[PDB]
Every structure is written in C-alpha cells, then in structure tokens.
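For reference, the chain that follows is the form deposited in one PDB entry, supplied as structure tokens.
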C-alpha cells in the first residue's frame, strides 16, 4: 500500500506583542529552523484551510501541504517511524491521547527540500538521554567541559532529582558572568556550589562554568485559542520554576532540540483540528 507524506507547515505570522510577553521570553519563529514535523498516512488528507495555533512566541499559521505520494516504505522503516510517533506523545509530551493522522514524523532538508529525517530518528534511539537521565563520570582528572554550542538550542534536565519523571527545561539564557561560585539567591547558602554540596552532596569538577536561565517546557493541550485559586498556585510555581538558575555540569542535554520541542507542543491541537 502506497504512502502519502504531508508537511505540517508552521510560520509565525503575528509575533507576541510586548504588552503580552509577561514571561519576557525571546520569540522563536518556527520557520527559522528546517527540522519540523510531517504526517505519513495511507489515505489522502482532505484539503483543509490554514488555521492558527497560539504559541508562546505568538500566533503561528498551520498549513498541511503534500510533500510526496505514491511511494513505498519497508517494514523496518515503518516500524522505526511508528516507534518515534509513539515516543513523541508518550515521552516528549507525556500524553495518552494525541488528538485531545496515522504517523507524525520529523522532516528535514537534504538543500531546501523536505524529506523524512531517518538519521534524526536513529540518533534519538541511540541517545542515552532518550528517556531519563544518562550516566556521567566527571572527576578532577576527567572534568566536565562546558561547550556553549551544546546549549544554544537545548532542552535540559537536572541529573540529581525527579528520576521517575524528570523536569525538562528550555535553556533560556547563558549567564557568562556567573559561576558555581557566584552568590546563592537564598542566604542559607553562600554559593551555588555549596548549595548543591549541602543539599545533594554533589561535587563540581568545573568551577569556571557559566550558569543557565531556564524556561519550563510544559504547555497546555489545546492551543487553538489564545482565575482560580488553583491556577494562581500553578502560575506561582511556574514563575519559581522559571527563576531557577541551573549548573550545566549538573544537567543532561535532551536529544530533542529546543526548536523542535517548541513545534512538538502544537501537535495535539493540530491532530485534533484534523480529526474534526
């Protein structure tokens, strides 16, 4: 049975105006990075009007466009694609009901020409940070090395708490004027290094390291449109989450880039709309 491949076209048509940028984030046009998502199906998707999703960066216009049709795929590749599809909703979004068609998969350019990113899928399956927390072996003789490039489009997790279910953060800023020896926000500890040593008994091998600003990755399920004591408490906690300053040495980098993660959170809205 032949396949149809669609691209989930995303463009940021109305960036979030300053008066609405409460969390004071950078805005990230999806169109700025080539890797995106597509849909692979056995039957054609009826033409559907362009529609908005309202993301953190502003209003994004979604277009579902045909990329390829009439081709075949081997059982091996379909299995790989299926696994990644399942990975997206169970491990990235942590969602039991994808649509609040058949396989979502990553596309990338080969040259400005979108096709199935098999390499990326394989990289995910080989990653030691694929599911939870990868092992490390930092010592004085083999210390942690900070490479800025690895933090530019990164999602990170703390390696030292919550291991059944790690909190994933976007790296929002790299604070090059700070180190683990900078003064700690709470007065019960003098430094970041002391905090982590006293609380978790963690030793640092690198004391020249920049520190990181973060932005939680959590997103509401329905983004198709742009209160309570409970919502207050939740917003307060999110504010504190976002005030956290993390030590790169103490975090692991997730194999899914930040730019793709931002597109992932739109998927349920889009699949819901398609099934309507």
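Numbering follows the first chain given and starts at 1. Think of the rigid core as the biggest set of C-alphas that the two forms share within 1.5 Å after superposition.
FYI, the form deposited in another entry isn't displayed, but the following is about it.
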### Query
Following superposition of the rigid core, which of 90, 152, 136, 82 is the only residue with a C-alpha displacement of 2 Å or more between the shown form and the other one?
136
## Note on the structure
Output row for the residue 83-residue 128 CA distance, |change| of 3 angstroms or more in that other deposited form, reads closer
### Query
What happens to the Cα distance from residue 270 to residue 130 in that other deposited form: does it get closer or farther than here, with a change of 3 angstroms or more?
farther
